[PDB]
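For reference, input13.cif is printed below; it contains mmCIF, N, CA and C atoms (P, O5', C5', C4', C3', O3' and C1' of nucleotides).
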data_structure
loop_
_atom_site.label_atom_id
_atom_site.label_comp_id
_atom_site.auth_asym_id
_atom_site.auth_seq_id
_atom_site.Cartn_x
_atom_site.Cartn_y
_atom_site.Cartn_z
N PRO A 28 99.20 51.96 -40.98
CA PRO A 28 98.73 52.23 -39.63
C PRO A 28 97.32 52.80 -39.64
N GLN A 29 96.33 51.91 -39.63
CA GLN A 29 94.93 52.31 -39.67
C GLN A 29 94.49 53.10 -38.43
N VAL A 30 93.68 54.12 -38.66
CA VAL A 30 93.13 54.92 -37.58
C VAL A 30 91.69 54.50 -37.36
N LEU A 31 91.39 54.13 -36.12
CA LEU A 31 90.07 53.70 -35.71
C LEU A 31 89.46 54.69 -34.73
N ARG A 32 88.17 54.55 -34.52
CA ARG A 32 87.45 55.43 -33.63
C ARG A 32 86.88 54.55 -32.51
N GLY A 33 86.89 55.08 -31.29
CA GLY A 33 86.33 54.37 -30.13
C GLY A 33 85.78 55.30 -29.06
N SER A 34 85.12 54.70 -28.09
CA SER A 34 84.75 55.39 -26.87
C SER A 34 84.98 54.47 -25.70
N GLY A 35 84.87 55.06 -24.52
CA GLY A 35 85.30 54.44 -23.29
C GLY A 35 85.33 55.44 -22.15
N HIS A 36 86.15 55.12 -21.17
CA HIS A 36 86.30 55.96 -20.01
C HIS A 36 87.71 55.93 -19.52
N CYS A 37 88.10 56.96 -18.78
CA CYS A 37 89.43 56.98 -18.22
C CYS A 37 89.56 55.89 -17.16
N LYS A 38 90.43 54.92 -17.45
CA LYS A 38 90.85 53.91 -16.50
C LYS A 38 91.67 54.55 -15.38
N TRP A 39 92.81 55.13 -15.73
CA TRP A 39 93.58 55.94 -14.78
C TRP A 39 94.37 57.00 -15.53
N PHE A 40 94.77 58.05 -14.82
CA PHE A 40 95.63 59.08 -15.38
C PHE A 40 96.51 59.64 -14.28
N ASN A 41 97.80 59.73 -14.52
CA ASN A 41 98.70 60.27 -13.52
C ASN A 41 99.28 61.58 -14.05
N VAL A 42 98.94 62.65 -13.35
CA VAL A 42 99.35 63.98 -13.72
C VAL A 42 100.88 64.19 -13.60
N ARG A 43 101.52 63.55 -12.63
CA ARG A 43 102.96 63.68 -12.48
C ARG A 43 103.65 63.00 -13.67
N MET A 44 103.07 61.89 -14.11
CA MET A 44 103.53 61.16 -15.28
C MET A 44 103.19 61.83 -16.62
N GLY A 45 102.01 62.42 -16.70
CA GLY A 45 101.53 63.03 -17.94
C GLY A 45 100.86 62.05 -18.89
N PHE A 46 100.55 60.84 -18.40
CA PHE A 46 99.86 59.84 -19.19
C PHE A 46 98.98 58.91 -18.34
N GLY A 47 98.23 58.05 -19.02
CA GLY A 47 97.32 57.12 -18.38
C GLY A 47 96.75 56.17 -19.40
N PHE A 48 95.65 55.53 -19.05
CA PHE A 48 94.97 54.64 -19.98
C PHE A 48 93.47 54.89 -19.93
N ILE A 49 92.89 54.65 -21.09
CA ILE A 49 91.48 54.67 -21.36
C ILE A 49 91.04 53.21 -21.47
N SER A 50 89.94 52.89 -20.80
CA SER A 50 89.25 51.63 -20.99
C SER A 50 88.26 51.81 -22.13
N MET A 51 88.53 51.16 -23.26
CA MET A 51 87.67 51.27 -24.43
C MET A 51 86.55 50.25 -24.31
N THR A 52 85.32 50.75 -24.41
CA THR A 52 84.10 49.98 -24.25
C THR A 52 83.28 49.90 -25.54
N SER A 53 83.47 50.85 -26.45
CA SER A 53 82.95 50.71 -27.81
C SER A 53 84.03 51.04 -28.79
N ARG A 54 83.89 50.47 -29.98
CA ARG A 54 84.82 50.64 -31.08
C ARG A 54 84.05 50.66 -32.39
N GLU A 55 84.41 51.59 -33.26
CA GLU A 55 83.78 51.70 -34.56
C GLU A 55 82.27 51.66 -34.41
N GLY A 56 81.78 52.30 -33.35
CA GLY A 56 80.34 52.44 -33.12
C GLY A 56 79.62 51.22 -32.60
N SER A 57 80.38 50.18 -32.26
CA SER A 57 79.82 48.98 -31.66
C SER A 57 80.45 48.70 -30.31
N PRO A 58 79.63 48.41 -29.30
CA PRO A 58 80.09 48.06 -27.96
C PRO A 58 80.91 46.77 -27.97
N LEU A 59 81.87 46.67 -27.04
CA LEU A 59 82.77 45.52 -26.98
C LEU A 59 82.38 44.57 -25.85
N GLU A 60 82.48 43.27 -26.10
CA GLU A 60 82.16 42.28 -25.08
C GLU A 60 83.06 42.49 -23.87
N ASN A 61 84.34 42.75 -24.13
CA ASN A 61 85.30 43.05 -23.08
C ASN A 61 86.13 44.30 -23.36
N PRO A 62 86.24 45.16 -22.35
CA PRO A 62 86.98 46.41 -22.50
C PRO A 62 88.45 46.18 -22.83
N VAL A 63 89.02 47.10 -23.60
CA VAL A 63 90.43 47.04 -23.97
C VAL A 63 91.15 48.32 -23.55
N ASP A 64 92.34 48.20 -22.96
CA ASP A 64 93.10 49.40 -22.60
C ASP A 64 93.72 50.10 -23.82
N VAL A 65 93.68 51.43 -23.81
CA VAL A 65 94.35 52.24 -24.84
C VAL A 65 95.17 53.35 -24.17
N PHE A 66 96.47 53.41 -24.49
CA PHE A 66 97.37 54.44 -23.97
C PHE A 66 96.91 55.86 -24.30
N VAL A 67 96.98 56.78 -23.33
CA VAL A 67 96.73 58.20 -23.61
C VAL A 67 97.74 59.14 -22.98
N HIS A 68 98.38 59.94 -23.83
CA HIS A 68 99.30 60.99 -23.40
C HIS A 68 98.59 62.34 -23.22
N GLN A 69 99.08 63.11 -22.25
CA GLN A 69 98.47 64.40 -21.94
C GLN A 69 98.36 65.27 -23.19
N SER A 70 99.32 65.17 -24.09
CA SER A 70 99.30 65.97 -25.33
C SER A 70 98.13 65.76 -26.28
N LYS A 71 97.53 64.58 -26.27
CA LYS A 71 96.39 64.24 -27.11
C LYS A 71 95.00 64.76 -26.63
N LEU A 72 94.94 65.37 -25.45
CA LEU A 72 93.69 65.67 -24.75
C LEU A 72 93.11 67.02 -25.11
N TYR A 73 91.91 67.02 -25.66
CA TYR A 73 91.29 68.25 -26.13
C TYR A 73 90.68 68.98 -24.96
N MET A 74 91.38 70.02 -24.52
CA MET A 74 90.93 70.93 -23.47
C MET A 74 91.86 72.14 -23.39
N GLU A 75 91.39 73.19 -22.73
CA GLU A 75 92.21 74.38 -22.52
C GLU A 75 93.04 74.22 -21.25
N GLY A 76 94.15 74.96 -21.18
CA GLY A 76 94.95 75.00 -19.96
C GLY A 76 95.61 73.66 -19.74
N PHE A 77 95.87 73.32 -18.48
CA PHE A 77 96.55 72.06 -18.13
C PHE A 77 95.69 70.84 -18.48
N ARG A 78 96.33 69.85 -19.09
CA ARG A 78 95.61 68.73 -19.72
C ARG A 78 95.65 67.46 -18.87
N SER A 79 94.47 66.96 -18.50
CA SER A 79 94.38 65.75 -17.69
C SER A 79 93.02 65.13 -17.85
N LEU A 80 92.95 63.86 -17.49
CA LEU A 80 91.68 63.15 -17.39
C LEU A 80 91.46 62.75 -15.96
N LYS A 81 90.21 62.85 -15.57
CA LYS A 81 89.76 62.33 -14.32
C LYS A 81 89.49 60.82 -14.46
N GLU A 82 89.81 60.04 -13.43
CA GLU A 82 89.46 58.63 -13.41
C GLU A 82 87.99 58.52 -13.62
N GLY A 83 87.58 57.69 -14.56
CA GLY A 83 86.17 57.47 -14.82
C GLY A 83 85.47 58.33 -15.86
N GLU A 84 86.06 59.44 -16.26
CA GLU A 84 85.33 60.40 -17.10
C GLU A 84 85.18 59.77 -18.47
N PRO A 85 84.03 59.97 -19.10
CA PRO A 85 83.74 59.39 -20.39
C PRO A 85 84.45 60.09 -21.53
N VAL A 86 85.05 59.30 -22.41
CA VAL A 86 85.80 59.85 -23.53
C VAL A 86 85.40 59.27 -24.88
N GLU A 87 85.71 60.05 -25.91
CA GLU A 87 85.60 59.68 -27.32
C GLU A 87 86.97 59.94 -27.94
N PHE A 88 87.44 59.03 -28.80
CA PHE A 88 88.80 59.16 -29.31
C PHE A 88 89.09 58.43 -30.61
N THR A 89 90.16 58.85 -31.26
CA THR A 89 90.72 58.08 -32.36
C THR A 89 91.97 57.42 -31.83
N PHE A 90 92.26 56.23 -32.32
CA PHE A 90 93.42 55.52 -31.84
C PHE A 90 93.98 54.68 -32.95
N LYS A 91 95.20 54.22 -32.74
CA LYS A 91 95.84 53.35 -33.70
C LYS A 91 96.64 52.32 -32.93
N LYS A 92 96.77 51.12 -33.49
CA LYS A 92 97.60 50.12 -32.86
C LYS A 92 99.01 50.63 -33.00
N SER A 93 99.77 50.52 -31.93
CA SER A 93 101.14 51.00 -31.93
C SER A 93 102.03 49.85 -31.52
N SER A 94 103.33 50.03 -31.68
CA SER A 94 104.28 48.98 -31.33
C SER A 94 104.18 48.67 -29.84
N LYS A 95 104.00 49.72 -29.04
CA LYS A 95 103.90 49.60 -27.59
C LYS A 95 102.48 49.22 -27.15
N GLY A 96 101.55 49.21 -28.10
CA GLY A 96 100.16 48.89 -27.83
C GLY A 96 99.30 49.95 -28.50
N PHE A 97 98.04 50.07 -28.11
CA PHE A 97 97.24 51.09 -28.73
C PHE A 97 97.64 52.48 -28.25
N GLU A 98 97.46 53.43 -29.15
CA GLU A 98 97.83 54.81 -28.86
C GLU A 98 96.66 55.68 -29.24
N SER A 99 96.11 56.40 -28.29
CA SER A 99 95.13 57.44 -28.60
C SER A 99 95.80 58.50 -29.48
N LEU A 100 95.04 59.17 -30.32
CA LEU A 100 95.61 60.21 -31.20
C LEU A 100 94.95 61.56 -30.98
N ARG A 101 93.70 61.51 -30.58
CA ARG A 101 93.02 62.73 -30.11
C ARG A 101 91.90 62.28 -29.23
N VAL A 102 91.82 62.84 -28.03
CA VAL A 102 90.78 62.44 -27.08
C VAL A 102 89.92 63.65 -26.69
N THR A 103 88.62 63.43 -26.65
CA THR A 103 87.61 64.42 -26.26
C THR A 103 86.60 63.80 -25.29
N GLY A 104 85.79 64.68 -24.73
CA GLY A 104 84.67 64.24 -23.93
C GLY A 104 83.54 63.85 -24.84
N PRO A 105 82.40 63.51 -24.25
CA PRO A 105 81.26 63.14 -25.10
C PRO A 105 80.90 64.23 -26.10
N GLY A 106 80.55 63.80 -27.30
CA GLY A 106 80.15 64.70 -28.35
C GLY A 106 81.17 65.73 -28.77
N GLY A 107 82.44 65.38 -28.69
CA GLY A 107 83.50 66.27 -29.14
C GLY A 107 83.81 67.39 -28.18
N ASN A 108 83.13 67.43 -27.04
CA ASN A 108 83.46 68.43 -26.00
C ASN A 108 84.81 68.24 -25.31
N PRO A 109 85.29 69.29 -24.66
CA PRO A 109 86.57 69.21 -23.97
C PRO A 109 86.56 68.16 -22.86
N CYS A 110 87.71 67.54 -22.61
CA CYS A 110 87.86 66.63 -21.49
C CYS A 110 87.68 67.39 -20.17
N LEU A 111 87.09 66.74 -19.18
CA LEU A 111 86.87 67.34 -17.87
C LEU A 111 88.13 67.58 -17.02
N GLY A 112 88.96 66.54 -16.88
CA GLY A 112 90.18 66.59 -16.06
C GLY A 112 89.92 66.69 -14.57
N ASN A 113 90.97 66.96 -13.81
CA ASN A 113 90.86 67.12 -12.37
C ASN A 113 90.42 68.51 -11.90
"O5'" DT B 1 103.30 76.27 -15.32
"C5'" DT B 1 103.86 75.34 -16.20
"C4'" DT B 1 104.19 74.05 -15.48
"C3'" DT B 1 104.15 72.83 -16.36
"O3'" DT B 1 105.23 72.01 -16.02
"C1'" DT B 1 102.74 72.48 -14.54
P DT B 2 105.59 70.77 -16.95
"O5'" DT B 2 104.52 69.66 -16.49
"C5'" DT B 2 104.61 68.96 -15.27
"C4'" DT B 2 104.09 67.56 -15.49
"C3'" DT B 2 104.65 66.92 -16.74
"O3'" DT B 2 105.79 66.20 -16.36
"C1'" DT B 2 102.28 66.60 -16.67
P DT B 3 106.87 65.80 -17.47
"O5'" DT B 3 106.50 64.27 -17.80
"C5'" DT B 3 106.79 63.28 -16.88
"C4'" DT B 3 107.79 62.32 -17.47
"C3'" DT B 3 107.16 61.17 -18.23
"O3'" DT B 3 108.02 60.75 -19.26
"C1'" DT B 3 108.39 60.34 -16.43
P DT B 4 107.78 61.15 -20.78
"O5'" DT B 4 107.10 59.85 -21.40
"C5'" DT B 4 105.95 59.29 -20.81
"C4'" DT B 4 105.29 58.37 -21.81
"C3'" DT B 4 106.25 57.48 -22.59
"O3'" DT B 4 105.68 56.20 -22.76
"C1'" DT B 4 104.98 58.78 -24.11
P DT B 5 106.54 54.87 -22.62
"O5'" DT B 5 105.45 53.81 -22.18
"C5'" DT B 5 104.55 54.06 -21.11
"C4'" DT B 5 103.60 52.90 -20.90
"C3'" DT B 5 104.19 51.52 -21.12
"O3'" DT B 5 103.45 50.58 -20.41
"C1'" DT B 5 102.61 51.93 -22.79
P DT B 6 104.10 49.58 -19.35
"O5'" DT B 6 103.19 49.81 -18.07
"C5'" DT B 6 103.25 51.04 -17.37
"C4'" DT B 6 102.02 51.18 -16.49
"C3'" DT B 6 101.79 50.01 -15.54
"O3'" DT B 6 101.60 50.47 -14.21
"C1'" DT B 6 99.86 50.40 -16.88
P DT B 7 101.55 49.42 -13.02
"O5'" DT B 7 99.99 49.06 -13.02
"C5'" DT B 7 99.29 48.65 -11.86
"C4'" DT B 7 97.84 49.09 -11.94
"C3'" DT B 7 97.30 49.22 -13.35
"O3'" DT B 7 96.12 48.46 -13.47
"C1'" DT B 7 97.02 51.31 -12.18
#

Output the structure of this file as structure tokens.
Amino acid sequence: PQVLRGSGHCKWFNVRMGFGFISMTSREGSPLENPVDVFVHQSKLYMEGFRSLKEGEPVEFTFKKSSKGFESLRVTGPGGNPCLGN
DNA sequence: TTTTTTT
């Protein structure tokens, strides 16, 4: 299960659900011709207090292909900063 | 405080 690095933005996030998706726009330091969705759980989000992503906020993350699809493993804001959230 | 794969 190879671990890759990517960036993108929050496609959507539902706080009642505790999960959402990231639209990945770069991967392994190269931009993608077409964005790819990557699953993100609230538990993976680097921030203090209650954990969420705002729609649209820019993210940096590690991910791995999973049986259910891609799975984020740790998500941060630009430059390793905390995610913004709602 | 948050239904672990869709929006």

Next item on the list: Excluding residue 53 (chain A) and any residue of its chain fewer than 5 positions from it, enumerate the residues within 6 Å of it, using only N, CA and C atoms (P, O5', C5', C4', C3', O3' and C1' of nucleotides), and give them as a list in words.
Entry: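 Counting only the stated atoms, we get residues 32, 33, 34, 35, 58 and 59 of chain A.
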
For the residues in that selection, give me N, CA and C atoms as a compact mmCIF listing (two decimals), in the frame of the given file.
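Now in selection_24.txt:
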# COMPACT_ATOMS: atom_id res chain seq x y z
N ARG A 32 88.17 54.55 -34.52
CA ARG A 32 87.45 55.43 -33.63
C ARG A 32 86.88 54.55 -32.51
N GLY A 33 86.89 55.08 -31.29
CA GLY A 33 86.33 54.37 -30.13
C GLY A 33 85.78 55.30 -29.06
N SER A 34 85.12 54.70 -28.09
CA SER A 34 84.75 55.39 -26.87
C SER A 34 84.98 54.47 -25.70
N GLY A 35 84.87 55.06 -24.52
CA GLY A 35 85.30 54.44 -23.29
C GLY A 35 85.33 55.44 -22.15
N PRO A 58 79.63 48.41 -29.30
CA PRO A 58 80.09 48.06 -27.96
C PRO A 58 80.91 46.77 -27.97
N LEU A 59 81.87 46.67 -27.04
CA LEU A 59 82.77 45.52 -26.98
C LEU A 59 82.38 44.57 -25.85

Margin query: Please list as a list in words every residue within 6 Å of region 73-75 of chain A, counting all atoms listed in the file and excluding residues in the same chain fewer than 3 positions away.
Written below: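 The residues satisfying every condition are residues 78, 101, 102, 103, 108, 109 and 110 of chain A.
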
Notebook entry, point to check: Of the candidates A:31, A:44, A:80, A:100, which one gets nearest to chain B if we count all atoms listed in the file?
Noted result: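 So, comparing all the options, the nearest one is A:44.
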
Margin query: If we count only N, CA and C atoms (P, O5', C5', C4', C3', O3' and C1' of nucleotides) and set the cut-off at 6 Å, which residues sit around region 2-5 of chain B, ignoring sequence neighbours fewer than 5 positions away in its own chain? Please answer as an MDAnalysis selection string.
Written below: chainID A and resid 42:45 66 95

Restricting it to N, CA and C atoms, dump the selection as a CSV table (one decimal), in the frame of the given file.
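result_7.csv, written as the output of this step:
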chain,number,residue,atom,x,y,z
A,42,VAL,N,98.9,62.6,-13.4
A,42,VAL,CA,99.4,64.0,-13.7
A,42,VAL,C,100.9,64.2,-13.6
A,43,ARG,N,101.5,63.6,-12.6
A,43,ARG,CA,103.0,63.7,-12.5
A,43,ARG,C,103.6,63.0,-13.7
A,44,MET,N,103.1,61.9,-14.1
A,44,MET,CA,103.5,61.2,-15.3
A,44,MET,C,103.2,61.8,-16.6
A,45,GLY,N,102.0,62.4,-16.7
A,45,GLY,CA,101.5,63.0,-17.9
A,45,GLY,C,100.9,62.0,-18.9
A,66,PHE,N,96.5,53.4,-24.5
A,66,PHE,CA,97.4,54.4,-24.0
A,66,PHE,C,96.9,55.9,-24.3
A,95,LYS,N,104.0,49.7,-29.0
A,95,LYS,CA,103.9,49.6,-27.6
A,95,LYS,C,102.5,49.2,-27.2

Note to self: So that I can check the secondary structure, give me every residue of region 67-101 of chain A assigned strand (DSSP E or B) by backbone DSSP, as a list in words.
What the structure shows: residues 67, 68, 72, 85, 86, 87, 88, 89, 90, 91, 92, 93, 96, 97, 98, 99, 100 and 101 of chain A

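With only N, CA and C atoms (P, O5', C5', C4', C3', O3' and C1' of nucleotides) as the atoms that count, the minimum distance from chain B to the choices A:99, A:50, A:29, A:41 is reached by A:41.
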
Item checked: Atom-to-atom span, CA of residue 107 (chain A) and atom C of residue 62 (chain A), Å ->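 Separation of CA of residue 107 (chain A) and atom C of residue 62 (chain A): 21.6 Å.
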
Notebook entry, point to check: Neighbours of residue 28 (chain A) within 7 Å (all atoms listed in the file; same-chain residues fewer than 2 positions away dropped), as a VMD selection string?
Noted result: chain A and resid 30 91 to 92

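Among the candidates A:94, A:61, A:69, A:89, the residue lying nearest to residue 1 (chain B) is A:69 (atoms considered: only C-alpha atoms (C1' of nucleotides)).
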
Next item on the list: Apply the PyMOL selection byres (((chain A and resi 48 and name CA+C1') around 9) and name CA+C1') to the structure shown and report the selected residues as a PyMOL selection string.
Entry: (chain A and resi 36-40+46-47+49-50+64-68) or (chain B and resi 5-7)

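Between CA of residue 82 (chain A) and CA of residue 52 (chain A) lies a distance of 14.9 Å.
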
Next item on the list: Go ahead and compute the interatomic distance for atom N of residue 79 (chain A) and atom C of residue 93 (chain A), in Å to one decimal.
Entry: 22.8 Å

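Counting only C-alpha atoms and comparing A:111, A:70, A:105, A:56, the residue that lies closest to residue 87 (chain A) is A:105.
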
Next item on the list: Could you check which of A:96, A:104, A:86, A:81 is closest to chain B, using all atoms listed in the file?
Entry: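 Looking only at the distances to chain B, the closest residue turns out to be A:96.
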